[PDB]
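> This one's a deposited entry, sequence included:
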Amino acid sequence: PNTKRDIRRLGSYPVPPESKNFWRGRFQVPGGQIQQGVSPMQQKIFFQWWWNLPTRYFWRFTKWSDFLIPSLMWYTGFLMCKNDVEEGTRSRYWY
Amino acid sequence: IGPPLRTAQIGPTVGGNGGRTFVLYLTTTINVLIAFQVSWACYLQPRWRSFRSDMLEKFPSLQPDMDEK
Amino acid sequence: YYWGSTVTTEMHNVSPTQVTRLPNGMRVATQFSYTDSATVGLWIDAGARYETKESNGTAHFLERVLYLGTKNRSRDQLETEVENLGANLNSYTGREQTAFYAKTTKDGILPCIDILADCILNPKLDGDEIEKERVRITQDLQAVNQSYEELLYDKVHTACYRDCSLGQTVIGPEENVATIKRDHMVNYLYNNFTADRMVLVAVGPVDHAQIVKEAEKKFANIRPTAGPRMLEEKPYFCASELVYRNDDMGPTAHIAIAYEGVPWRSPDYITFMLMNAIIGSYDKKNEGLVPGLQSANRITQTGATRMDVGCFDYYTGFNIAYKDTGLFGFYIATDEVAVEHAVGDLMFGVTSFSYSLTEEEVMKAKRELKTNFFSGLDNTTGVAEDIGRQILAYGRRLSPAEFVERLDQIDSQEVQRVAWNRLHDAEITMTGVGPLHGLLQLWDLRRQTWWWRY
Amino acid sequence: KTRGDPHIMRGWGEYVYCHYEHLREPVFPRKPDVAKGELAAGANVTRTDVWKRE
Amino acid sequence: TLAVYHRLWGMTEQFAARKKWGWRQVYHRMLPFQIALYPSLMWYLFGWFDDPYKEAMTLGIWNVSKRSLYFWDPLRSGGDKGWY
Amino acid sequence: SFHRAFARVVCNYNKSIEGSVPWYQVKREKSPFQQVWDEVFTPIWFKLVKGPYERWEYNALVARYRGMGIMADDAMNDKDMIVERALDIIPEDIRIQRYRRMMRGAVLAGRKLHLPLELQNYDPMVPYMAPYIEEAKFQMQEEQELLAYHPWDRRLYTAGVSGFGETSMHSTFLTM
Amino acid sequence: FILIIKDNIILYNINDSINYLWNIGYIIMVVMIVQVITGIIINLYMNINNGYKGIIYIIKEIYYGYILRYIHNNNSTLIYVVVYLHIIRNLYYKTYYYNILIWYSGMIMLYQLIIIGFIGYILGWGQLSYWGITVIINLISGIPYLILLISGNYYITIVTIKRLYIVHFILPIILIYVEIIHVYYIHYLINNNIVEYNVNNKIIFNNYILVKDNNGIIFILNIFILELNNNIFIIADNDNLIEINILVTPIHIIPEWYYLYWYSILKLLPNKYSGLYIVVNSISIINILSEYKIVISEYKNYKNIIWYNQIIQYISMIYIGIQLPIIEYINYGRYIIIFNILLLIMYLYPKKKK
Amino acid sequence: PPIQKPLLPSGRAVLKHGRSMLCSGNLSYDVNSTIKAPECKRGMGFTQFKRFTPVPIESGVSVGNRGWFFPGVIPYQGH
Ligand SMILES: CCCCCCCCCCCCCCCCCC(=O)OC[C@H](COP(=O)([O-])OCC(O)COP(=O)([O-])OC[C@@H](COC(=O)CCCCCCCCCCCCCCCCC)OC(=O)CCCCCCCCCCCCCCCCC)OC(=O)CCCCCCCCCCCCCCCCC
Ligand SMILES: CCCCCCCCCCCCCCCCCC(=O)OC[C@H](COP(=O)([O-])OCC(O)COP(=O)([O-])OC[C@@H](COC(=O)CCCCCCCCCCCCCCCCC)OC(=O)CCCCCCCCCCCCCCCCC)OC(=O)CCCCCCCCCCCCCCCCC
Ligand SMILES: CCCCCCCCCCCCCCCCCC(=O)OC[C@H](COP(=O)([O-])OCC(O)COP(=O)([O-])OC[C@@H](COC(=O)CCCCCCCCCCCCCCCCC)OC(=O)CCCCCCCCCCCCCCCCC)OC(=O)CCCCCCCCCCCCCCCCC
Ligand SMILES: CCCCCCCCCCCCCCCCCC(=O)OC[C@H](COP(=O)([O-])OCC[N+](C)(C)C)OC(=O)CCCCCCCCCCCCCCCCC
Ligand SMILES: CCCCCCCCCCCCCCCCCC(=O)OC[C@H](COP(=O)([O-])OCC[N+](C)(C)C)OC(=O)CCCCCCCCCCCCCCCCC
Ligand SMILES: COC1=C(OC)C(=O)C(C/C=C(\C)CC/C=C(\C)CC/C=C(\C)CC/C=C(\C)CC/C=C(\C)CC/C=C(\C)CC/C=C(\C)CCC=C(C)C)=C(C)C1=O
Ligand SMILES: CCCCCCCC/C=C/CCCCCCCC(=O)OC[C@H](COP(=O)(O)OCCN)OC(=O)CCCCCCC/C=C/CCCCCCCC
Ligand code: HEM
Ligand code: HEM
């Protein structure tokens, strides 16, 4: 569950037995907030995928480029071993 | 009304986590013993035997073959 | 483990208690104090225990009527004389000991000896006084007019000591109270209030020689001795339940659980005093500087956490000693639904003395035991009670230094040895009043005196 | 630019930048230099005399 | 008064040593349980050992002659070579 | 009894190290061997490996925080008890902005978006939680020492709690 | 138990910001059910006296028995792929840092799964099955008379198959029970998020997360059906369709792909016992990765270099297992093992202060 | 030796508000005195069991609240 301060309830109505987990994830919101939304039945349901598509893949690739140098080094190890194996076999067996 | 007043909890707020400490101690001990066994058998043991053979080159400590112990 | 001696130079700086035996056999004990007030009284070895089943209640009746006039004086004259001296005559009667003392100014010490001697030796047990007191005693005898702590204190003795006179109550049964007459009281005075069983205790700006001279003069005609008391076996401790299940007296339940204790003169008595201090006492309405949730007392701390509410509205340990037996246990006043947690926690605490008691808890308890004892000796009446009770119990008064010397030797290991011998896997008695659905059978509670762990 | 020091921690192990740890303090903690701006909170206030003015 | 505070601060300096001692005392109280654990193990593992170790482990009380009249291997009842 | 002898050894040893200065408060001079190692290995290692690697990781972390619009101290998880105890006592104005920053970050991260660059010019490594983390550690150390210096015995599996120390009911599998 | 279902499915709250990597656990639970169901059905027709002839009988004579045979074999491959990906996921986000109880409950299911899968492979009763168990059982030849008690004879026989079959039938049912302890700890100890901190953006599971989880599990099903019916990936070695010959060894003796990592560890280290112990080390050492840390941080969302090297290290070790015991491969494999040890030490060690 | 005081020390002021040593009556027997010797209506001894706190018991009043709950709120399964 969340912190004791967060899950401390203001109301005295008992927690229903089917909502135990729901009220253990309560948060104590400081300063209030305004939440707004619209039913999906009155919205475009696929455009956001297209609108966010290029930025999603740009940030994905720039993060994954951090593994470029490690992967090249492992790949360099993969090549050396493969060709060290071939030379060893030929030297030991081939005439 | 208003935001709730600040108040510190009455501790202690930790404890009762002994089963996790046992798992830590148990796992560290096993892996430490594994380290000694692996290091001894894979590296130190063969080198000791090679050193033993070198001393045998002296031939004054040659092992009897009729000992049939 | 031994951590040193806690005796100090100040403990040795106390006026000595001088005890002398008069020729008739009355002991006279005095301690000088730099006070303007004094306490003089007679602590007599007598009580309900030494009464027979038919006469039980006579001693209490006599105590109430003793100050209601004498042969020489009258109730109005006696009350007037004491008031003119600026003093107040007090008295009490217990199962094994009785006292008749006067709190007075310095000039009234010797006059009060005369009044107390006249009351004890020449009581005018007028029939009218007896009949009026019979009405008062009868009302007192009703259970509705008694507190629940008083009821349980009597019922603990009734349950534990079924075979001997210690089970008798001081007030007595209503059948006896209805029939007591002057002759009963006159016989009790003759048999029990004898010189060999009396101690004259004077504490204040007093001189031992002067008190002795007055005592010999005023108690000259007291009966020197009475026949030796009957020889009896060790009082048998009966492991029993005596529970009054009443669901029409509100939410609070009162429970008392007892173990067999030790006599006054036992070498283990001071250990049982310390164990009583370790159990301690707690009150939700007087928590003190330290809250229950952060208490050093282990019983208190674990109790305060139960169900986020606490399972002890009130509890106290008790250690009751008699000449040849004792009772050691705890008393609880708790919510009905909390009784199983409360008895279980206070029994787990007593069982812990036999297994896992820390040096820290013992050392804290020694200091709070010493604070309680020394603070009780602050006023003259406190000193007088201590002198009189101790001389009756031990034949001598233990000095504060001696008490500390013997307490220094007791440690966690000594508590563990005594508890293992006497309290571990021991028989218990349970007594109760109020809504006690949660209280289990005696055998179930008697299995909590030992642990599967360790 | 940021005020953090990239090399605040040393030795073997996976890199990490953070400001806080769980370790215990000594009963006689180093006296903080509040005159220069150092923070005084916790043991360095209670078990020291930095708070004392003249 | 600072001296008093120094003493009050310092009375818990050795917390780690005191908590170690506490657990060492819990472990001391658990050592007696070995008296039943070890014999129970050897009791369950007795059939695993070889006969000469069975005899030594029991100080010679158990031996081949003590095997049941109807040994679980009937060809070895009365000895490894049978009764006769 | 050997336990009694062991108990005396422990008592005497601990009595002989009371008031000892902690290792960190000693004025320590490096040995003539560690000084040589610091003269040779440390400078080259910093220039070629440690310096560049740690700058690379640090600069990435600052960018990640700036993209979410959060501070470094916002990133602390309240499953850590010191963080939870510190968060109990932070003043309301600090609390309000911390919550708003953390909410914006999660929305941005969940929707795979980044904070506009117009709002990214701030230092994310300002240690605003430091006063309260230090107070919380002090409170917890006092409680550890004065109230938890021994493994206490309690009645087991009673009142919803195992009796092994935890204080919340129904907080383990065996107390369901 | 309709109010327990409602508290853990209908009104169960989860963060909105989780990725599809949080859908892996749901996939494991569903495919696990399928593997148990298809196993029970397969045993209605299977012959334990000759597993070789039972498989042929199911494939040819039973109506749609080929579906049962291939689903059970191929779904076991999917169980290990999804479980290993779940392990990689947990390592990447360091979910073990605070939710260690969840990690412990999971590792138990991992240990059980290893035993379940191996014995099942033996039930095929082919060349690799017979020779694989013969090789592995010899590892415990040090313990006296232990091999005889386990095998029930001096060589592997139908006696061994009968007893291993009971373990294969029952142990998976126990694994399902441990899945309830795993879900209990997940619901009590709230799940981690893609961000380090805890934020107020949770939504109910049934209306949002379950729809997304079904989309993922249907996408994995489109791939599993292609493999199931057309064998686009070779996931079962062909050598297990050869009848057992106890006198002649097969060309190579290797387990399924999902045991290759541990197989190579043994094949690499010279001493047999050392190889077994290093196998023990890898699974146990990852249970205490965060235990020695002292700073207030979960090491989350850095560049995760050590993580990536470790994942590639698993892949390379798996690759070396496939190859013959060439000397050059042995040398490189040993370097990888040493490299893996250093990576783990990086995880464990706490940092000093400059 | 005998113990003459309850195991739980009062910790409160003996004298009542506005009343001094001079005008408090006799603290040994005065009804309003906080240290008056209890009357042995049923005999001496029960003071070892007696609760000396003047406030009446409020059954089930909470003392185990660490700040996790507001007054009047019922914990459900400890949370
Ligand atoms: C070089 C050689 C090296 C060799 C290597 C091997 C070394 C040997 C030892 C290995 C095993 C170590 C065991 C550790 C025990 C730890 C105990 C502990 O502290 O627990 C609490 C502790 C929790 O800590 P805590 O929260 O601080 O505790 C406070 C709470 O009070 C705690 O309370 P809580 O409730 O929060 O937590 C309790 C927790 C504790 O449980 C666990 O977490 C699991 C612990 C046990 C693990 C499993 C052991 C299996 C091994 C034995 C079996 C072997 C069989 C062999 C047979 C061979 C035959 C041929 O959960 C439970 O109790 C769950 C119980 C569920 C029971 C359900 C039963 C079914 C329903 C009821 C009955 C049936 C219905 C009725 C039917 C009636 C019919 C009519 O547990 C953990 O955190 C650790 C869990 C284990 C993690 C993994 C350990 C790894 C060990 C390192 C070595 C691994 C090597 C690699 C192995 C590879 C295998 C393939
Ligand atoms: C580097 C610097 C220099 C280093 C210097 C080192 C200095 C130490 C070495 C020298 C030690 C000298 C010891 C002097 C002993 C004095 C003895 C004496 O006068 O007695 C007074 C002494 C104390 O009397 P007390 O003052 O009343 O105090 C009572 C307490 O016991 C008092 O104890 P406590 O309260 O302190 O509690 C601790 C307690 C208890 O402490 C412990 O037990 C420690 C437990 C810790 C956990 C251990 C877990 C298991 C670890 C296993 C590791 C295995 C590794 C293997 C590695 C292999 C590969 C390398 O310790 C003892 O009981 C003391 C033991 C004294 C020695 C005798 C026992 C030693 C062990 C023998 C084992 C033999 C195994 C053979 C295997 C064969 C295999 C084929 O008497 C005893 O209690 C001693 C006996 C204790 C029981 C031992 C077992 C007896 C078995 C009897 C069998 C009967 C069979 C009958 C058959 C009948 C058929 C019809
Ligand atoms: C060549 C031959 C060689 C031969 C060699 C032979 C060697 C023989 C070895 C024998 C075994 C030695 C084991 C040594 C471990 C030392 C670990 C250590 O340093 O502990 C310090 C550590 C203290 O840590 P700390 O951080 O200072 O403070 C802990 C708390 O956070 C805060 O602490 P706190 O003190 O503030 O909290 C208060 C509370 C703290 O309480 C705790 O810490 C308790 C934690 C929860 C325990 C329950 C876990 C849930 C159940 C798990 C098992 C599930 C399945 C069981 C049934 C399966 C059936 C199929 O303390 C107490 O309550 C004090 C009294 C405790 C005893 C109560 C007795 C009644 C309950 C019985 C259970 C506990 C017995 C003692 C522990 C036994 C350890 C083996 O204490 C513990 O580890 C506590 C015990 C937890 C582990 C229990 C494991 C039970 C056995 C499971 C099976 C294991 C199989 C694997 C192989 C076993 C062989 C190695
Ligand atoms: C070569 C290597 C060897 C390695 C050796 C390793 C050995 C490990 C053995 C583990 C055993 C664990 C036992 C724990 C028992 C339960 C926990 C406990 O003590 O609880 C304390 C708690 C607390 O007790 P308590 O002390 O609070 O008691 C308060 C008051 N009373 C006594 C009334 C409850 O005990 C219980 O409440 C549990 C009930 C009692 C359980 C008694 C033991 C059960 C024994 C089972 C019988 C079958 C055994 C068959 C064995 C055959 C031989 C192989
Ligand atoms: C610091 C000094 C300590 C010692 C102080 C002095 C007092 C103790 C000294 C004891 C030393 C003498 C030990 C004699 C051992 C004889 C063993 C022997 O011959 O066994 C043959 C037996 C039988 O041998 P066998 O297997 O060839 O049987 C042949 C059988 N027939 C004849 C029918 C063909 O061997 C065994 O059983 C092997 C195991 C030996 C037993 C374990 C070791 C000896 C234990 C001695 C225990 C002593 C306690 C008293 C007796 C207990 C039993 C009732
Ligand atoms: C030779 O080539 C090689 C291979 O191919 C052959 C490999 O696969 C491999 C890797 C292989 C592996 C890592 C796995 C190998 C697996 C093997 C050998 C399995 C052997 C069979 C068993 C272990 C079956 C025995 C079953 C068990 C002990 C249960 C296992 C699960 C456990 C212990 C977890 C918790 C315990 C349980 C679930 C048991 C529950 C117990 C009960 C319910 C009992 C209740 C009893 C009562 C009275 C109530 C290598 C290294 C290799 O070199
Ligand atoms: C809290 C959880 C507890 C779980 C406990 C699990 C159940 C434990 C069951 C204990 C069983 C004890 C062993 C029984 C063996 C029976 C022996 C017997 O009858 O012998 C049969 C027969 C006799 O043949 P003989 O011709 O006389 O020659 C044999 C050699 N002298 O064969 C044998 O004796 C063979 C016995 C082999 C036993 C091998 C024992 C060693 C096994 C190691 C187990 C390690 C387990 C580790 C678990 C770790 C979990 C984390
Ligand atoms: C996670 C659960 C399980 C997995 C990993 C698994 C794994 C496998 C494996 C790999 C095979 C052999 C594949 C092949 O023949 O090449 C197999 C065979 C078999 N399994 Fe399972 N199994 C599991 C559960 C079960 C269950 C619950 C049962 C029975 C109730 C079962 C019954 C069988 C049977 C009868 C066979 C022999 C048929 C065969 O030749 O495939 N399995 N198992
Ligand atoms: C039979 C195999 C297992 C199944 C059924 C399974 C199922 C689940 C499910 C449903 C979740 C919750 C949703 C999710 O995060 O995807 C989860 C969480 C988790 N699992 Fe598993 N799991 C299995 C194996 C494992 C293993 C072997 C480990 C550890 C090596 C593990 C560690 C975790 C962790 C740490 C989490 C927490 C996820 C988080 O915090 O976000 N699981 N698992």
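Yep, that arrived. Numbering: from 1, shown residues only, chains lettered A, B, ... in the order given. Ligands and ions are numbered 1, 2, ... in the order given.

> Tell me which residue is most central in the chain.
I'll assume chain A. The structure's chain A has its C-alpha centroid closest to residue A:60; by CA atoms, centre = their mean the separation is 10.7 Å.

> Oops, wrong one, chain H.
Mean-position check on chain H, CA atoms, centre = their mean. Result residue H:53 at 1.0 Å.

> Then chain F?
residue F:82 (7.0 Å).

> right, and that one touches residue F:140 too?
Yes: Residue F:82 is within contact range of residue F:140, at 6.6 Å (criterion: CB atoms under 8 Å). Yep, even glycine has a C-beta here, placed from its N, CA and C like the rest.

> anything in the helix or strand hosting the residue nearest to the centre of chain F near chain G?
Element membership of residue F:82, judged by DSSP states H and E, is helix F:81-87. Yes: on the criterion CB under 8 Å from any CB of the partner chain, helix F:81-87 is in touch with chain G at F:82-83.

> starting at the chain centroid, how far to that helix?
Relative to the chain's own centre, helix F:81-87 is displaced by 10 Å; criterion: CA atoms, centre = their mean, to the nearest Å.

> again, but for stretch C:38-50
Using CA atoms, centre = their mean, the distance from the centre of stretch C:38-50 to the centre of the chain it belongs to is 12 Å.

> picking up where we left off before, distance check, the residue nearest to the centre of chain H against chain F.
Distance of residue H:53 to chain F, computed by CB to the nearest CB, to the nearest Å: 25 Å.

> show me what contacts that residue?
Contact analysis of residue H:53 by CB atoms under 8 Å, 6 or more residues apart in numbering or on different chains lists C:283, C:285-286, C:314, H:8.

> go again using 6 Å as the cut-off
Contacts for residue H:53 (CB atoms under 6 Å, 6 or more residues apart in numbering or on different chains) come out as C:283, C:285-286.

> Residue B:16 too?
Contacts of residue B:16 by CB under 6 Å, 6+ apart are F:164-166.

> all strands for chain D, in order.
D:9-10 (DSSP state E).

> on that earlier part again, the residue nearest to the centre of chain F touches residue F:134, doesn't it?
No: using CB atoms under 6 Å, residue F:82 makes no contact with residue F:134, being 9.8 Å away.

> Nearest to ligand 2 within chain D, name that residue for me.
Residue nearest to ligand 2 within chain D (CB to the nearest ligand atom): residue D:24, separated by 30.2 Å.

> For residue F:142, see how far away that residue is.
Distance of residue D:24 to residue F:142, computed by CB to CB, to the nearest Å: 11 Å.

> ranges for the strands of the stretch 151-300 of chain C?
C:198-204, C:241-245, C:252-260, C:281-283 (DSSP state E, counting those that start in this stretch).

> Tell me how many other residues crowd the residue of chain D found nearest ligand 1.
Proximity of chain D to ligand 1 (CB to the nearest ligand atom) peaks at residue D:22, 17.6 Å away. Applying other CB atoms under 10 Å in any protein chain shown, we find 14 residues neighbouring residue D:22.

> Let me see the contact set for it.
Counting by CB under 6 Å, 6+ apart, residue D:22 has contacts residue G:294.

> what do you get if the cut-off is 7 Å, keeping everything else the same?
Neighbouring residues of residue D:22 by CB atoms under 7 Å, 6 or more residues apart in numbering or on different chains: F:82, G:294, G:296.

> try residue G:187
A:21, G:8, G:12.

> Output these in TSV; the columns should cover neighbour count and secondary structure.
Formatted as TSV, those follow (neighbours: other CB atoms under 10 Å in any protein chain shown; DSSP: H, G, I helix; E, B strand; the rest coil):
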residue	neighbour count	secondary structure
A:21	18	helix
G:8	17	helix
G:12	22	coil
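
> about what we covered before: pick out whichever of the contacts of residue B:16 sits closest to ligand 4.
Minimum distance to ligand 4 across the contacts of residue B:16 is 11.0 Å, recorded for residue F:164 (CB to the nearest ligand atom).

> Quick one: residues contacting residue G:348.
G:289, G:292.

> same thing with residue C:283?
By CB under 7 Å, 6+ apart, residue C:283 lies in contact with C:314, H:8, H:51, H:53.

> Point out the most buried one among the strands of the stretch 151-300 of chain C.
For those, average neighbour numbers computed from mean count of other CB atoms under 10 Å in any protein chain shown are highest in strand C:198-204, which has a mean of 28.

> Can you tell me which residue of chain D sits closest to ligand 3?
In chain D, the residue that lies nearest ligand 3 is residue D:22 (12.8 Å; CB to the nearest ligand atom).

> Appreciated, that's everything.
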